[PDB]
Amino acid sequence: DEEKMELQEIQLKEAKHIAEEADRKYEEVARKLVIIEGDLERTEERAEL
Amino acid sequence: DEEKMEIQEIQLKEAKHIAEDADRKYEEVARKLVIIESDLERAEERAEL
């Protein structure tokens, strides 16, 4: 049981490591998307004017 | 030790599931951004005309 517990803890640490990049990429994509949306809004308003 | 086994097992499985859900939420926004960018380019051309 002790050896199985150690290896399971190592696997859990690896999965917890992977989830961080998996989230922070989505963070960056949202940060890009909001700027793109703002640019679209102001361009449309300029054309209407 | 067996109690610690089942605790860490359910912890690891929940972490894997939430990572998969984060990956799907990543997957949608790419094509969302692509179509928004295409609309931005079209609006810019209209403004230039």
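What comes next concerns the included structure. (Residues numbered from 1 in each chain as written, not as in the entry; some residues may be left out. Chains lettered and ligands numbered in written order. Part of a larger assembly, values for the part shown. Heavy atoms only, no water.)

Thoughts on the overall build of chain B
Then, number 1: Broken down by element type, chain B carries one helix and zero strands.
Then, number 2: Along the three orthogonal principal directions, the C-alpha set of chain B runs to about 75 × 10 × 5 Å.
Then, number 3: Within chain B, buried positions represent 20% of all 49 residues.
Then, number 4: Here chain B displays about 4400 Å² of accessible surface, and carbon together with sulfur accounts for 50% of that area.
Then, number 5: Measuring between centres, the 9 positive side-chain charges of chain B sit 5 Å from its 17 negative side-chain charges. (Helix = DSSP H or I, 4+ residues; strand = E, 2+ residues; numbered from the N terminus. Buried < 20%, exposed > 50% of the residue type's maximum accessible area, 1.4 Å probe, protein only. Areas by Shrake-Rupley, 256 points an atom, 1.4 Å probe, with all protein chains shown as cover. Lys, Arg positive; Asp, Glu negative; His and termini not counted. Charge placed at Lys NZ, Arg CZ, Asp CG, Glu CD.)

Description of the pattern of salt bridges
Residues and elements named next belong to chain A.
Then, number 1: Within this structure, the stated rule accounts for one salt bridge over all chains.
Then, number 2: Across the salt bridge formed by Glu 28 and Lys 32, the nearest N and O atoms sit 3.9 Å from each other. With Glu 28 and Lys 32 both in helix α1 (residues 2-48) and four residues apart, the pair spans about one turn of that helix.
Then, number 3: Note on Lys 32: relative accessible area 43%, which makes it partly exposed. (Salt bridge = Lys/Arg side-chain N within 4 Å of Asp/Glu carboxyl O.)

With respect to the interface of chain A and chain B
Then, number 1: On the side of chain B, 19 residues touch chain A, which itself brings 20 residues to the contact.
Then, number 2: Contact with chain B buries surface across chain A, with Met5(A), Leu12(A) and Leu40(A) losing the most and accounting together for 24% of the total.
Then, number 3: Our enumeration of links across chain A and chain B arrives at zero salt bridges.
Then, number 4: The tally of links between chain A and chain B comes to zero residue pairs in polar contact. (Contact = heavy atoms within 4.5 Å. Buried area = accessible area lost by both parts, 1.4 Å probe. Polar contact = N/O pair within 3.5 Å; in protein donor to acceptor, adjacent residues only side chain to side chain.)

None of this, on its own, says anything about what the molecule does.
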